[PDB]
Amino acid sequence: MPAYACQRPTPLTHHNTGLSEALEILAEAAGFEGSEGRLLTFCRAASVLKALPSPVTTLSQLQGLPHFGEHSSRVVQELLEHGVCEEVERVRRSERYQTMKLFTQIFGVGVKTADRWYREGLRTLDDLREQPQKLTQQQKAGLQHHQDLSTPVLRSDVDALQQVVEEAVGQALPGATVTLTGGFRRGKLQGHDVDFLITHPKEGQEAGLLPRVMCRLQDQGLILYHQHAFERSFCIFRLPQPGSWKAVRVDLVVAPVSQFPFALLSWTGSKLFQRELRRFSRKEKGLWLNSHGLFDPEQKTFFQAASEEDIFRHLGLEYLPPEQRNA
DNA sequence: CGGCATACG
DNA sequence: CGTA
DNA sequence: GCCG
Ligand SMILES: O=c1ccn([C@@H]2O[C@H](COP(=O)(O)NP(=O)(O)OP(=O)(O)O)[C@@H](O)[C@H]2O)c(=O)[nH]1
Ligand SMILES: [Mg+2]
Ligand SMILES: [Mg+2]
Ligand code: NA
């Protein structure tokens, strides 16, 4: 078992679901406390279990696995012996965890804002609604739409949305393309949002595109919220339902076609997979990876990629299709 | 011990 | 600060 | 919290 998540296939469904979920609770709680290192270790340990070919049934099966030390092994031990880990259950029922989870789930609220509201004594969404002077416009939208945004987006919703985005994109710039990315490209059946990547086959034609797309979507009455030169938009869309509609989060990103493989890789995820890939690139290969390219700081040169396959090959990694990037 | 991904709005 |  |  290799130490980096980008070195091994990780399928969406696997054989250690309960164990990984418990470790991910501890990872999330570490993040609420501002402990990024402990969040990463618990996330990486959970992801190792997702990559295993069969269920862990005995503690000895953790020997030699990366990211399993005394703490993560003790968590697994208690789950195997008792079906429950006392530390995990203590986190689950704690007021701090439940409130931080509730607040950070709001669009426009991160850990730092949630923590400040917690320290001020706020605990519920209605507590926030009662003091709307203290909310940004983005947070007001996140709070108004919170119920709809808490409902999973279905894969059967996604095609209809892609069609309306393609219509606006085609008027904004004929020949521009829309690619589904994010969790749905990795095979998820649900999601918290829909992520799209937009480009055009002629380099440079995509400049200035996203404002033109957003104006057209807004003119069609489909935009419940957006931030408005820009190349990423984090919106709330009106999605039709039987006799009504629901609010859905939609992310749009524009990239020049020269950068498209890097952008597709970056926005397809998973989040942990991309952090691990960027860490691998820098620490093992001495190359700097982001959503725009792959930089050799010694030569001061960028690697020209025509595909995701190119990028894996340039990093010396076996290719993983999106469905195996569910770290 | 240092390090923990990276950038845009 | 938020967001991906 | 764990790795190198
Ligand atoms: O902090 C982040 C968040 C997101 N991303 C990249 O953006 C992609 C989309 O980010 P996302 O937040 O839409 N997550 P996703 O995997 O689609 O699952 P869901 O919760 O169902 O929407 C992720 O899969 C990562 O590739 C990052 O690189 N860093
Ligand atoms: Mg998504
Ligand atoms: Mg997204
Ligand atoms: Na949030």
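Counting starts at 1 for both ligands and their atoms, following the listed order. Heavy atoms only: backbone and side chains are in, while hydrogens, waters and symmetry mates are out. Chain letters run A, B, ... following the sequence lines, proteins first and then strands; every chain starts at 1.
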Protein heavy atom under 4.0 angstrom of atom 4 (C) of ligand 1, is there one?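 False for atom 4 (C) of ligand 1.
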
Evaluate the 4.0 Å heavy atom contact test for atom 21 (O) of ligand 1: does a protein atom fall under the cut-off?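 Under 4.0 Å from atom 21 (O) of ligand 1, at least one protein heavy atom found.
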
Out of all atoms in ligand 1, which are within 4.0 Å of some heavy atom of [X]? Include the element for each.
X: A:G191; answer: 21 (O)
X: A:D195; answer: 9 (C), 13 (O), 17 (O)
X: A:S266; answer: 6 (C), 25 (C), 26 (O)
X: A:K188; answer: 18 (O), 19 (P), 21 (O)
X: A:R186; answer: 16 (O), 24 (O)
X: A:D193; answer: 13 (O), 22 (O)

Could you identify the single nearest non-hydrogen protein atom to [atom] and state the distance to 0.1 Å?
atom: atom 29 (N) of ligand 1; result: A:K271 CG, 3.9 Å
atom: atom 8 (C) of ligand 1; result: A:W267 O, 3.4 Å
atom: atom 12 (O) of ligand 1; result: A:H192 CE1, 3.7 Å
atom: atom 15 (P) of ligand 1; result: A:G183 N, 3.7 Å

Residue pair [X] / [Y], side-chain donor-acceptor N/O under 3.5 Å:
X: A:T177; Y: A:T199; value: no
X: A:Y225; Y: A:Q144; value: no
X: A:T301; Y: A:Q299; value: yes
X: A:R8; Y: A:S47; value: yes

What class does the angle between the rings of A:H228 and A:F230 fall in, given that below 30° is parallel, 30 to 60° is tilted and above 60° is perpendicular?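 Answer is parallel, since the angle falls under 30°.
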
Using the ring of each side chain (for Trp, its six-membered ring), is A:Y319 parallel, tilted or perpendicular to A:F312, with breaks at 30° and 60°?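 Aromatic pair A:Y319/A:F312 classed perpendicular.
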
Check for me whether A:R96 meets the cation-pi criterion with A:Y118, that is, NZ or CZ under 6.0 Å from the six-membered ring centre and within 45 degrees of the ring axis.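 Pair A:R96/A:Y118 counts as cation-pi.
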
Indicate yes or no: does an N/O atom of [X] lie under 3.5 Å from an N/O atom of ligand 1?
X: A:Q190; result: no
X: A:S270; result: no
X: A:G182; result: no
X: A:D251; result: no
X: A:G269; result: yes

Where A:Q7 and A:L317 come nearest, the two heavy atoms and their spacing: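 Scanning both residues, the minimum pair turns out to be CG-CD2, 3.8 Å.
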
Within less than 3.0 Å of the Na ion (ligand 4), any N, O or S from A:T104?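 True for A:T104.
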
Does A:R249 have a non-hydrogen atom less than 4.0 Å from ligand 1?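 Checking ligand 1 against A:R249, which is what was asked, there is no heavy-atom contact under 4.0 Å.
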
Any salt bridge between A:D126 and A:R129, counting N to O under 4.0 Å?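 A:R129 and A:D126: salt-bridged.
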
Tell me whether A:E78 is salt-bridged to A:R90, with the criterion being a basic N under 4.0 Å from an acidic carboxylate O.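 Answer for the salt bridge query: no.
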
Please report, to 10°, the angle around the Na ion (ligand 4) from atom O (A:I106) across to atom O (A:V109).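 O of A:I106 and O of A:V109 make an angle of 90° at the Na ion (ligand 4), to the nearest 10°.
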
Just give me the atom name: the N, O or S atom of [X] closest to the Mg ion (ligand 3).
X: A:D193; result: OD2
X: A:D251; result: OD2
X: A:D195; result: OD1

Note, A:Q61 side chain near A:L52 side chain (heavy atom, < 4.5 Å):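 A:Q61 vs A:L52: side chains apart.
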
Any side-chain heavy-atom pair of A:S266 and A:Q259 under 4.5 Å: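 They are not in side-chain contact.
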
Please check this pair: side chain of A:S291 against backbone of A:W267, looking for a donor-acceptor N/O pair closer than 3.5 Å.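 Side chain of A:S291 to backbone of A:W267, a donor-acceptor pair under 3.5 Å: no, none is there.
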
Can the ring centroids of A:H292 and A:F302 be said to lie less than 6.0 angstrom from one another?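 No, too far apart.
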
Region of A:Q274 engaging ligand 1 - heavy atom pairs below 4.0 Å: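 A:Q274 to ligand 1: side-chain contact only, backbone stays beyond 4.0 Å.
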
